[PDB]
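*Asks:* Please see the structure below; I have some questions.
In UniProt numbering, the protein residues as written are 1 to 94.
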């Protein structure tokens, strides 16, 4: 999968923090999460979960689904490497 148009969830969050002039620990405090948890989220060492999507919607903005959409692109790219659809065919009315 070409990721050219699929930004890293963590990068988008960091980009937002840069525009707001907010530090990692201030972001962590605002999200009521530990600094370590915030770091993993920003660096991508931890996937953006539904729980995090809800918190991000409040603290940063946009909707929980928007944040999950960002993560789905990468989760889909990973799954693609392990899923075999080479023999699958679209079902038609029987």
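Beta carbons: idealized from backbone N, C-alpha and C, even for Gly.
Looking at the structure shown, is residue 45 part of a helix, part of a strand, or coil, going by DSSP?
*Replies:* Locating residue 45 in the chain shown gives position 45, counting from the first residue. DSSP places residue 45 in coil when its eight states are reduced to three.
*Asks:* On the three-state DSSP scale, how would you describe residue 10?
*Replies:* Numbered from 1 along the chain shown, position 10 holds the residue referred to as residue 10. Helix at residue 10.
*Asks:* Can you tell me the Cβ-Cβ gap for residue 42 and residue 14, rounded? I've got them flagged as a contact below 8 Å.
*Replies:* Sequence index remark: in the chain shown, residue 42 carries index 42 (1-based). Sequence index remark: in the chain shown, residue 14 carries index 14 (1-based). Contact holds; Cβ gap of about 5 Å.
*Asks:* Tell me, please, whether the segment 52-68 touches the segment 15-32 by the rule of three or more beta-carbon pairs shorter than 8 Å.
*Replies:* yes
*Asks:* Give me, in chain order, the residues of the same chain whose beta-carbon lies closer than 7 Å to that of residue 95; leave out the 5 immediate sequence neighbours on both sides.
*Replies:* Any question about residue 95 goes unanswered here, given that the chain covers just 1 to 94.
*Asks:* I'd like the list of long-range same chain contacts for residue 25, defined as Cβ closer than 6 Å, with 5 residues on each side in sequence excluded.
*Replies:* Taking the chain shown and counting its residues from 1, the one referred to as residue 25 is at position 25. Hits under 6 Å: 35.
*Asks:* Roughly how many angstroms lie between the CA atoms of residue 76 and residue 46, to the nearest whole one?
*Replies:* Taking the first residue of the chain shown as 1, we reach residue 76 at position 76. Taking the first residue of the chain shown as 1, we reach residue 46 at position 46. In a straight line, the C-alpha of residue 76 is about 15 Å away from that of residue 46.
*Asks:* Could you tell me the alpha carbon to alpha carbon distance between residue 9 and residue 86, rounded to whole angstroms?
*Replies:* Mapped onto the chain shown, residue 9 falls at position 9. Mapped onto the chain shown, residue 86 falls at position 86. When rounded, the distance between both Cα atoms is 29 Å.
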